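**Q** Pasting a structure here, questions to come.
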Amino acid sequence: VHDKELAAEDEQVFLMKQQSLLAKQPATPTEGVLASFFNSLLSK
Amino acid sequence: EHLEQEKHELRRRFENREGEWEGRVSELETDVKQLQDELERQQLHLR
Amino acid sequence: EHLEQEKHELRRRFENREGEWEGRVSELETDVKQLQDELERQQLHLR
Amino acid sequence: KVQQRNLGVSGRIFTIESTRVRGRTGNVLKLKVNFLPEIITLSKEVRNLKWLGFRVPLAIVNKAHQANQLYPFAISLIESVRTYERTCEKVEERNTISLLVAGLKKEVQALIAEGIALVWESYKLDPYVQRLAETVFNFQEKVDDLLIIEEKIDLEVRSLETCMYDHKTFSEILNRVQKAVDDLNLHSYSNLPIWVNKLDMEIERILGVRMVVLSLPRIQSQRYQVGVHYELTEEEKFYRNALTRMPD
Amino acid sequence: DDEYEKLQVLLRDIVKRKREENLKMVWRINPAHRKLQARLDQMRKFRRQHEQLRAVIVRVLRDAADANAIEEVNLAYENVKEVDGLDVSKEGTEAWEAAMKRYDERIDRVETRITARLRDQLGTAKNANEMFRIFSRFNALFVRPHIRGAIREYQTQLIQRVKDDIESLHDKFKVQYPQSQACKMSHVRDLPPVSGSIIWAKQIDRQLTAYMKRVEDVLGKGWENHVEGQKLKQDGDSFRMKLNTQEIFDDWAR
């Protein structure tokens with residue numbers, strides 16, 4: 001199965017994205033199977 | 001993490017205060033230098 | 001605990017050096033004041 | 001002028017700024033460091049003027065000292081960002097190598113994003129910047145290598161169109177480009193199978209323009225993945241399919 | 001030092017409070033034991049260096065010239081030992097300085113003899129393996145700075161030979177395991193093919209580690225930052241990552 005083509009985003013869109021996340025960032029201050037055996041013995 | 005931040009704050013505060021006191025002592029020393037130089041010139045002018 | 005005792009050591013060193021600089025600045029202030037008043041005395045005595 | 005400016009350092013270390021560039025309708029966003037050169041010039045002037053008897057105000061000297069405290073990290077951040085910008089420009093110069101720097105650019109952008117949330121007052125600045133610098137340098141070095149050898153591959157490709165019709169010359173030329181592809185694989189460039197199968201189609205096209213050809217072995221994608229139990233047929237091993245790529 | 005600092009804080013507090021009683025602010029202190037502290041620091045720094053050199057010589061120079069150098073170093077230690085190191089007086093300080101100078105010149109003579117022996121290395125050695133083994137045996141002796149600077153032109157030769165050998169390893173690993181004679185001879189010797197591939201990858205990994213250790217021995221410690229060792233370290237790291245075998249075991253078990 002040929003691997004998916006990974007690729008980094010553009011510098012322009014990446015910087016716009018980082019600005020958007022900076023804006024959206026608020027300004028901060030600076031087991032059961034083991035139990036099943038146990039259940040059976042209790043019933044008997 | 002919080003204590004690391006506080007340690008960094010205290011460290012930088014220590015360096016800032018050290019720099020400020022160094023500047024204050026330097027300017028006081030220069031004040032003494034110019035005052036004593038003027039005293040020497042005036043004492044010569046007395047004679 | 002290492003961070004806490006480092007912080008306390010930094011606080012102690014900060015206070016000690018602050019006291020040293022306070023003493024230095026106070027003696028320099030007294031020295032310049034004395035030299036200023038003696039210089040004024042000699043100036044008014046010259047004339 | 002200095003007191004009017006009232007310069008200082010605080011807040012986040014990275015800033016996003018607009019710059020209009022001729023020829024492009026869109027305004028170019030750029031990542032600058034939060035350390036203006038005017039602060040460096042202020043510090044230089046303060047330290048140069050002191051010994052001439054020029055009594056600078058104490059507040060300006062204090063601010064110069066505050067700037068000089070963080071100057072060692074600021075200069076490294078500035079040069080790392082400039083190196084990243086020049087690496088991006090070098091990548092943009094040649095569009096045939098964009099897919100080969102996907103992982104490097106992605107991790108550098110991840111570090112840049114991690115640093116955007118960082119501030120000067122934080123205690124993470126000291127290691128992170130060094131890490132960032134190292135990463136950027138590696139990226140640059142990788143791109144530098146990714147340029148030179150790729151040009152050689154292109155040269156070899158353009159040498160195959162005019163290559164003499166003899167099995168020894170073809171065999172040594174395909175061996176050279178195969179060694180180049182192996183070197184690409186060694187330095188861990190992402191999406192190597194995509195680029196190398198594109199090169200396989202391109203060289204198959206050239207051979208179509210050109211038994212001797214059919215006996216030439218193919219350019220293997222990843223010759224180092226050994227022990228994974230997969231087989232390749234004769235069609236994938238040689239250019240037996242070149243008979244199917246005639247233009248005439 | 002710590003207790004004096006704690007007392008000095010209190011004394012400064014008292015002087016600030018009882019300013020009228022204490023007229024001046026003279027705070028100079030010149031403890032008598034600081035001269036002994038400096039002397040002890042100098043003696044410790046001398047002795048640690050001498051023990052390092054003596055242990056290295058006892059290991060790697062274990063020829064009558066070896067015994068000659070050994071008794072020269074021991075005589076240097078003896079001659080320094082005659083001078084009373086605890087005497088912090090001016091005559092004692094002058095005697096200590098003279099002893100240090102005498103020890104330094106004698107050790108430099110021994111260093112020159114060692115470099116002459118490291119020229120006799122090529123005066124005797126013929127093939128690269130023998131001088132590889134010579135650097136392996138004498139490996140600690142190159143920790144010294146003068147000894148490390150003495151050997152400059154041979155390091156490039158052996159680094160290029162190791163680059164040739166790791167290139168040969170790369171070429172061998174380019175040939176796939178089923179295509180190699182290793183798979184055939186492993187099947188002939190009853191080793192199953194998956195375990196045969198695992199063994200092949202492990203042997204290549206072992207040889208890579210051995211050549212990395214050879215580079216460390218030739219260049220000495222700190223070889224990862226050397227001008228030639230940076231590329232070798234990077235290639236070794238990438239090639240070792242490519243040699244990871246866990247995928248084969250996972251696939252076979254699945």
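Chain labels follow the order of the structure tokens: the first chain is A, the next B, and so on; residue numbering restarts at 1 in every chain, and ligands are counted from 1 in their shown order.
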At a cut-off of 7 Å, can you tabulate as JSON lines every residue of chain D near chain E together with its closest atom pair and the distance in Å to one decimal, using only C-alpha atoms and ordering rows by chain then number?
**A**
{"residue": "D:186", "atom": "CA", "partner": "E:238", "partner_atom": "CA", "distance": 6.4}
{"residue": "D:187", "atom": "CA", "partner": "E:238", "partner_atom": "CA", "distance": 6.8}
{"residue": "D:223", "atom": "CA", "partner": "E:174", "partner_atom": "CA", "distance": 5.5}
{"residue": "D:224", "atom": "CA", "partner": "E:174", "partner_atom": "CA", "distance": 5.6}
{"residue": "D:225", "atom": "CA", "partner": "E:242", "partner_atom": "CA", "distance": 6.9}
{"residue": "D:226", "atom": "CA", "partner": "E:176", "partner_atom": "CA", "distance": 5.6}
{"residue": "D:227", "atom": "CA", "partner": "E:197", "partner_atom": "CA", "distance": 5.6}
{"residue": "D:228", "atom": "CA", "partner": "E:248", "partner_atom": "CA", "distance": 6.1}
**Q** Per DSSP on the backbone, filter region 156-235 of chain D down to the residues in alpha helix (DSSP H) and report them as a ChimeraX atom specification.
**A** /D:156-161,167-186,192-209,234-235
**Q** Return as a list in words the residues belonging to chain B that are within 6 Å of chain C, counting only C-alpha atoms.
**A**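 In the required form, that comes to residues 7, 14 and 32 of chain B.
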**Q** For the residues selected in the previous step, produce a file with N, CA, C and O atoms as a PDB file, in the first residue's frame.
**A**
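Just written: part_18.pdb:
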ATOM      1  N   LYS B   7      11.596  30.537  39.982  1.00  0.00           N
ATOM      2  CA  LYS B   7      13.049  30.603  40.090  1.00  0.00           C
ATOM      3  C   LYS B   7      13.634  31.481  38.994  1.00  0.00           C
ATOM      4  O   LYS B   7      14.550  32.274  39.245  1.00  0.00           O
ATOM      5  N   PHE B  14      17.336  39.338  40.360  1.00  0.00           N
ATOM      6  CA  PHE B  14      18.653  39.536  40.956  1.00  0.00           C
ATOM      7  C   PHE B  14      19.609  40.197  39.972  1.00  0.00           C
ATOM      8  O   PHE B  14      20.320  41.143  40.335  1.00  0.00           O
ATOM      9  N   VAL B  32      31.747  61.880  42.505  1.00  0.00           N
ATOM     10  CA  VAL B  32      32.875  62.143  43.397  1.00  0.00           C
ATOM     11  C   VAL B  32      34.091  62.598  42.600  1.00  0.00           C
ATOM     12  O   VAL B  32      34.837  63.481  43.039  1.00  0.00           O
TER      13      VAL B  32
END
**Q** Could you please select, counting only C-alpha atoms, the residues of chain E within 12 Å of chain C and state them as a PyMOL selection string?
**A** chain E and resi 2+4-17+19+23-27
**Q** With N, CA, C and O atoms kept, could you save the residues just selected as an mmCIF file, in the first residue's frame?
**A**
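To be explicit, this is the file written out as part.cif:
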data_model
loop_
_atom_site.group_PDB
_atom_site.id
_atom_site.type_symbol
_atom_site.label_atom_id
_atom_site.label_comp_id
_atom_site.auth_asym_id
_atom_site.auth_seq_id
_atom_site.Cartn_x
_atom_site.Cartn_y
_atom_site.Cartn_z
ATOM 1 N N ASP E 2 30.299 30.024 53.979
ATOM 2 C CA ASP E 2 28.862 30.172 54.180
ATOM 3 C C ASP E 2 28.587 30.818 55.536
ATOM 4 O O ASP E 2 27.771 31.746 55.643
ATOM 5 N N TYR E 4 30.606 32.681 57.339
ATOM 6 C CA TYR E 4 31.063 34.063 57.340
ATOM 7 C C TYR E 4 30.081 34.962 56.610
ATOM 8 O O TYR E 4 29.865 36.103 57.019
ATOM 9 N N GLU E 5 29.488 34.477 55.516
ATOM 10 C CA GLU E 5 28.462 35.265 54.837
ATOM 11 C C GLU E 5 27.259 35.492 55.743
ATOM 12 O O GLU E 5 26.724 36.611 55.821
ATOM 13 N N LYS E 6 26.821 34.442 56.446
ATOM 14 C CA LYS E 6 25.692 34.597 57.358
ATOM 15 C C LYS E 6 26.009 35.575 58.482
ATOM 16 O O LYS E 6 25.152 36.381 58.858
ATOM 17 N N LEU E 7 27.224 35.524 59.029
ATOM 18 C CA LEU E 7 27.619 36.498 60.039
ATOM 19 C C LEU E 7 27.714 37.902 59.460
ATOM 20 O O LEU E 7 27.351 38.867 60.137
ATOM 21 N N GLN E 8 28.218 38.035 58.234
ATOM 22 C CA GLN E 8 28.370 39.348 57.626
ATOM 23 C C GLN E 8 27.026 40.012 57.409
ATOM 24 O O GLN E 8 26.916 41.236 57.532
ATOM 25 N N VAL E 9 25.996 39.229 57.085
ATOM 26 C CA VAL E 9 24.651 39.790 56.983
ATOM 27 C C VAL E 9 24.236 40.413 58.314
ATOM 28 O O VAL E 9 23.738 41.545 58.364
ATOM 29 N N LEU E 10 24.458 39.687 59.414
ATOM 30 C CA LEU E 10 24.099 40.200 60.733
ATOM 31 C C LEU E 10 24.901 41.447 61.080
ATOM 32 O O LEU E 10 24.362 42.407 61.638
ATOM 33 N N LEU E 11 26.202 41.436 60.786
ATOM 34 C CA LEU E 11 27.041 42.580 61.122
ATOM 35 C C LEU E 11 26.642 43.806 60.312
ATOM 36 O O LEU E 11 26.638 44.928 60.832
ATOM 37 N N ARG E 12 26.304 43.614 59.036
ATOM 38 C CA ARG E 12 25.814 44.726 58.231
ATOM 39 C C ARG E 12 24.500 45.257 58.785
ATOM 40 O O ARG E 12 24.278 46.473 58.816
ATOM 41 N N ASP E 13 23.620 44.360 59.235
ATOM 42 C CA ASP E 13 22.374 44.801 59.855
ATOM 43 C C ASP E 13 22.644 45.625 61.109
ATOM 44 O O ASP E 13 22.007 46.662 61.329
ATOM 45 N N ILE E 14 23.586 45.179 61.942
ATOM 46 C CA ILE E 14 23.901 45.909 63.170
ATOM 47 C C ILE E 14 24.481 47.278 62.839
ATOM 48 O O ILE E 14 24.121 48.286 63.459
ATOM 49 N N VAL E 15 25.396 47.335 61.871
ATOM 50 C CA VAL E 15 26.000 48.609 61.494
ATOM 51 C C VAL E 15 24.948 49.559 60.940
ATOM 52 O O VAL E 15 24.968 50.761 61.231
ATOM 53 N N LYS E 16 24.018 49.045 60.131
ATOM 54 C CA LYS E 16 22.930 49.881 59.641
ATOM 55 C C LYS E 16 22.057 50.373 60.788
ATOM 56 O O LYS E 16 21.596 51.520 60.768
ATOM 57 N N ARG E 17 21.822 49.530 61.793
ATOM 58 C CA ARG E 17 21.022 49.930 62.942
ATOM 59 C C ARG E 17 21.820 50.848 63.861
ATOM 60 O O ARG E 17 21.435 52.001 64.079
ATOM 61 N N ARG E 19 24.260 52.807 63.640
ATOM 62 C CA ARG E 19 25.114 53.663 62.827
ATOM 63 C C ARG E 19 25.918 54.625 63.692
ATOM 64 O O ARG E 19 27.091 54.884 63.402
ATOM 65 N N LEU E 23 31.357 54.185 63.488
ATOM 66 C CA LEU E 23 31.528 55.430 62.748
ATOM 67 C C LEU E 23 31.832 55.187 61.273
ATOM 68 O O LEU E 23 31.345 55.929 60.413
ATOM 69 N N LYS E 24 32.619 54.159 60.962
ATOM 70 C CA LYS E 24 33.075 53.879 59.609
ATOM 71 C C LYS E 24 32.420 52.608 59.082
ATOM 72 O O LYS E 24 31.751 51.876 59.816
ATOM 73 N N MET E 25 32.621 52.361 57.787
ATOM 74 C CA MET E 25 32.066 51.207 57.086
ATOM 75 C C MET E 25 33.168 50.402 56.398
ATOM 76 O O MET E 25 33.027 49.980 55.250
ATOM 77 N N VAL E 26 34.281 50.188 57.093
ATOM 78 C CA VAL E 26 35.362 49.362 56.568
ATOM 79 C C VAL E 26 34.990 47.901 56.788
ATOM 80 O O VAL E 26 34.705 47.490 57.918
ATOM 81 N N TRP E 27 34.995 47.116 55.705
ATOM 82 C CA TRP E 27 34.520 45.736 55.724
ATOM 83 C C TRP E 27 35.549 44.756 55.165
ATOM 84 O O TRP E 27 35.217 43.589 54.931
#
**Q** Restrict the calculation to only C-alpha atoms, then for each residue of chain D with any atom at most 6 Å from an atom of chain A give the closest atom pair and their distance in Å to one decimal, rows by chain and rising residue number, as a tab-separated table.
**A**
residue	atom	partner	partner_atom	distance
D:29	CA	A:12	CA	5.8
D:102	CA	A:7	CA	4.6
D:106	CA	A:8	CA	5.1
**Q** Using only N, CA, C and O atoms, please write the residues we just selected to a file, as a short mmCIF file (atom, residue, chain, number, x, y, z; two decimals), in the first residue's frame.
**A**
data_model
loop_
_atom_site.label_atom_id
_atom_site.label_comp_id
_atom_site.auth_asym_id
_atom_site.auth_seq_id
_atom_site.Cartn_x
_atom_site.Cartn_y
_atom_site.Cartn_z
N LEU D 29 2.87 37.70 4.36
CA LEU D 29 3.04 37.56 5.80
C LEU D 29 4.42 36.97 6.09
O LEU D 29 4.86 36.04 5.42
N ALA D 102 9.00 17.55 3.06
CA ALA D 102 7.73 17.67 3.76
C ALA D 102 7.91 17.54 5.27
O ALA D 102 7.44 18.38 6.04
N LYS D 106 7.65 20.50 8.01
CA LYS D 106 6.58 20.33 8.98
C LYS D 106 7.10 20.43 10.41
O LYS D 106 6.49 21.10 11.25
#
**Q** May I ask which of the residues D:235, D:71, D:180, D:230 is the closest one to residue 44 (chain D), counting only C-alpha atoms?
**A**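 Closest candidate: D:71.
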**Q** State, in Å with one decimal place, the distance from CA of residue 247 (chain D) to CA of residue 205 (chain D).
**A**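 Between CA of residue 247 (chain D) and CA of residue 205 (chain D) the gap is 9.0 Å.
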**Q** What lies within 8 Å of residue 218 (chain E) using only C-alpha atoms, ignoring chain neighbours under 3 positions off, as a list in words?
**A**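 In the requested format, the answer is residues 132, 135, 136, 139, 155, 158, 159, 214 and 215 of chain E.
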**Q** Print the selection's residues with N, CA, C and O atoms to a file, as a PDB file, in the first residue's frame.
**A**
ATOM      1  N   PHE E 132      45.848   0.636  13.597  1.00  0.00           N
ATOM      2  CA  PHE E 132      44.554   0.667  14.274  1.00  0.00           C
ATOM      3  C   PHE E 132      44.657   0.061  15.665  1.00  0.00           C
ATOM      4  O   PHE E 132      44.190   0.647  16.649  1.00  0.00           O
ATOM      5  N   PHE E 135      46.614   2.441  18.017  1.00  0.00           N
ATOM      6  CA  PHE E 135      45.754   3.469  18.598  1.00  0.00           C
ATOM      7  C   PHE E 135      44.800   2.878  19.625  1.00  0.00           C
ATOM      8  O   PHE E 135      44.491   3.532  20.628  1.00  0.00           O
ATOM      9  N   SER E 136      44.315   1.655  19.395  1.00  0.00           N
ATOM     10  CA  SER E 136      43.442   1.021  20.378  1.00  0.00           C
ATOM     11  C   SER E 136      44.161   0.814  21.705  1.00  0.00           C
ATOM     12  O   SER E 136      43.603   1.098  22.772  1.00  0.00           O
ATOM     13  N   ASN E 139      45.053   4.245  23.482  1.00  0.00           N
ATOM     14  CA  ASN E 139      43.910   5.139  23.306  1.00  0.00           C
ATOM     15  C   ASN E 139      43.853   6.219  24.381  1.00  0.00           C
ATOM     16  O   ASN E 139      43.607   7.390  24.072  1.00  0.00           O
ATOM     17  N   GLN E 155      45.340  10.415  11.299  1.00  0.00           N
ATOM     18  CA  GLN E 155      43.917  10.352  11.597  1.00  0.00           C
ATOM     19  C   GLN E 155      43.090  10.471  10.328  1.00  0.00           C
ATOM     20  O   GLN E 155      42.086   9.770  10.172  1.00  0.00           O
ATOM     21  N   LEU E 158      43.261   7.021   8.457  1.00  0.00           N
ATOM     22  CA  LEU E 158      42.405   5.983   9.025  1.00  0.00           C
ATOM     23  C   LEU E 158      40.930   6.346   8.943  1.00  0.00           C
ATOM     24  O   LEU E 158      40.089   5.452   8.803  1.00  0.00           O
ATOM     25  N   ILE E 159      40.587   7.630   9.016  1.00  0.00           N
ATOM     26  CA  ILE E 159      39.189   8.009   8.861  1.00  0.00           C
ATOM     27  C   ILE E 159      38.724   7.722   7.442  1.00  0.00           C
ATOM     28  O   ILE E 159      37.599   7.262   7.226  1.00  0.00           O
ATOM     29  N   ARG E 214      35.845   2.117  16.332  1.00  0.00           N
ATOM     30  CA  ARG E 214      37.147   2.382  15.726  1.00  0.00           C
ATOM     31  C   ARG E 214      37.343   3.872  15.475  1.00  0.00           C
ATOM     32  O   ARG E 214      38.432   4.409  15.711  1.00  0.00           O
ATOM     33  N   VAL E 215      36.304   4.552  14.985  1.00  0.00           N
ATOM     34  CA  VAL E 215      36.396   5.994  14.765  1.00  0.00           C
ATOM     35  C   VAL E 215      36.602   6.717  16.090  1.00  0.00           C
ATOM     36  O   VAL E 215      37.400   7.658  16.180  1.00  0.00           O
TER      37      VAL E 215
END
**Q** Quick one: pull the distance between CA of residue 20 (chain A) and CA of residue 117 (chain D), Å, one decimal.
**A**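 So the two atoms, CA of residue 20 (chain A) and CA of residue 117 (chain D), lie 12.7 Å apart.
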**Q** At a cut-off of 10 Å, using only C-alpha atoms, what residues contact residue 240 (chain D)? Leave out same-chain residues fewer than 6 positions from it and give the result as a PyMOL selection string.
**A** chain D and resi 204+211+213-218+234
**Q** For chain B, report every residue with an atom at most 12 Å from chain A (counting only C-alpha atoms), formatted as an MDAnalysis selection string.
**A** chainID B and resid 2 5:6 9
**Q** Would you mind exporting the chosen residues as a PDB file, in the first residue's frame, restricted to N, CA and C atoms?
**A**
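Now in result_21.pdb:
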ATOM      1  N   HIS B   2       5.613  25.580  37.778  1.00  0.00           N
ATOM      2  CA  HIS B   2       5.399  26.879  38.409  1.00  0.00           C
ATOM      3  C   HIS B   2       6.627  27.315  39.202  1.00  0.00           C
ATOM      4  N   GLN B   5       9.310  28.520  36.881  1.00  0.00           N
ATOM      5  CA  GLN B   5       9.019  29.887  36.458  1.00  0.00           C
ATOM      6  C   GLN B   5       9.412  30.885  37.540  1.00  0.00           C
ATOM      7  N   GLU B   6       9.033  30.603  38.790  1.00  0.00           N
ATOM      8  CA  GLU B   6       9.352  31.511  39.890  1.00  0.00           C
ATOM      9  C   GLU B   6      10.856  31.642  40.099  1.00  0.00           C
ATOM     10  N   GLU B   9      12.123  33.968  37.501  1.00  0.00           N
ATOM     11  CA  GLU B   9      11.790  35.351  37.833  1.00  0.00           C
ATOM     12  C   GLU B   9      12.747  35.903  38.881  1.00  0.00           C
TER      13      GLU B   9
END
**Q** Rounded to one decimal in Å, what is the spacing between CA of residue 79 (chain D) and CA of residue 130 (chain D)?
**A**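 Between these atoms lies a distance of 11.5 Å.
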**Q** Residues of chain D that have any atom at most 8 Å from an atom of chain B: could you tabulate them with the shortest-distance atom pair and the distance in Å to one decimal, using only C-alpha atoms, ordered by chain and increasing number, as CSV?
**A**
residue,atom,partner,partner_atom,distance
D:58,CA,B:23,CA,7.1
D:61,CA,B:23,CA,7.6
D:62,CA,B:20,CA,6.3
D:65,CA,B:19,CA,7.0
D:66,CA,B:16,CA,7.2
D:121,CA,B:9,CA,7.6
D:122,CA,B:5,CA,6.6
D:123,CA,B:8,CA,6.0
**Q** Please dump the current selection as a compact mmCIF listing (two decimals), in the first residue's frame; keep N, CA, C and O atoms.
**A**
# COMPACT_ATOMS: atom_id res chain seq x y z
N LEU D 58 20.00 57.27 33.76
CA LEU D 58 20.11 55.94 34.34
C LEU D 58 19.04 54.99 33.80
O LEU D 58 19.29 53.79 33.67
N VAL D 61 20.23 53.48 30.55
CA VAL D 61 21.25 52.47 30.80
C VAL D 61 20.61 51.19 31.32
O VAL D 61 21.01 50.08 30.94
N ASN D 62 19.62 51.32 32.20
CA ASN D 62 18.92 50.14 32.71
C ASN D 62 18.22 49.39 31.60
O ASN D 62 18.28 48.16 31.53
N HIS D 65 20.72 47.54 29.58
CA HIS D 65 21.12 46.32 30.28
C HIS D 65 20.06 45.23 30.14
O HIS D 65 20.39 44.05 29.94
N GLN D 66 18.78 45.61 30.26
CA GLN D 66 17.71 44.63 30.09
C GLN D 66 17.72 44.03 28.70
O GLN D 66 17.51 42.82 28.53
N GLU D 121 9.84 36.09 29.01
CA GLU D 121 9.88 35.87 30.45
C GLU D 121 9.90 34.39 30.82
O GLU D 121 10.31 34.06 31.94
N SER D 122 9.47 33.51 29.92
CA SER D 122 9.45 32.09 30.23
C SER D 122 10.87 31.54 30.33
O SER D 122 11.82 32.06 29.73
N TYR D 123 11.01 30.47 31.11
CA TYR D 123 12.30 29.81 31.30
C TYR D 123 12.59 28.74 30.26
O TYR D 123 13.64 28.10 30.33
**Q** Within 9 Å of residue 108 (chain D), counting only C-alpha atoms, which residues qualify if same-chain residues fewer than 3 places away don't, as an MDAnalysis selection string?
**A** chainID D and resid 84 103:105 111:113 132 135:136 139
**Q** Skipping near chain neighbours, those fewer than 6 positions away, what residues fall within 10 Å of region 151-154 of chain D using only C-alpha atoms, listed as a tab-separated table (two decimals) with N, CA and C atoms, in the first residue's frame?
**A**
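New file out38.tsv:
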chain	number	residue	atom	x	y	z
D	94	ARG	N	13.26	25.73	-6.73
D	94	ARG	CA	13.10	24.47	-7.46
D	94	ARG	C	11.84	23.78	-6.95
D	145	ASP	N	22.05	19.71	0.49
D	145	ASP	CA	22.32	18.43	-0.14
D	145	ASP	C	21.23	18.11	-1.15
D	160	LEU	N	21.37	11.10	-20.47
D	160	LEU	CA	20.92	9.81	-20.99
D	160	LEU	C	20.28	9.94	-22.36
D	176	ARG	N	24.95	5.16	-11.49
D	176	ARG	CA	25.18	6.44	-10.83
D	176	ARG	C	23.88	7.03	-10.29
D	177	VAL	N	22.82	7.06	-11.10
D	177	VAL	CA	21.59	7.67	-10.57
D	177	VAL	C	20.97	6.78	-9.49
D	178	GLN	N	21.16	5.46	-9.58
D	178	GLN	CA	20.69	4.58	-8.51
D	178	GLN	C	21.43	4.87	-7.21
D	180	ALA	N	22.70	7.72	-6.42
D	180	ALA	CA	22.15	8.99	-5.97
D	180	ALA	C	20.83	8.79	-5.23
D	181	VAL	N	19.96	7.92	-5.74
D	181	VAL	CA	18.69	7.67	-5.08
D	181	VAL	C	18.92	6.99	-3.73
D	199	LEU	N	10.66	9.70	-11.39
D	199	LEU	CA	11.90	9.58	-12.16
D	199	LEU	C	11.90	8.31	-13.01
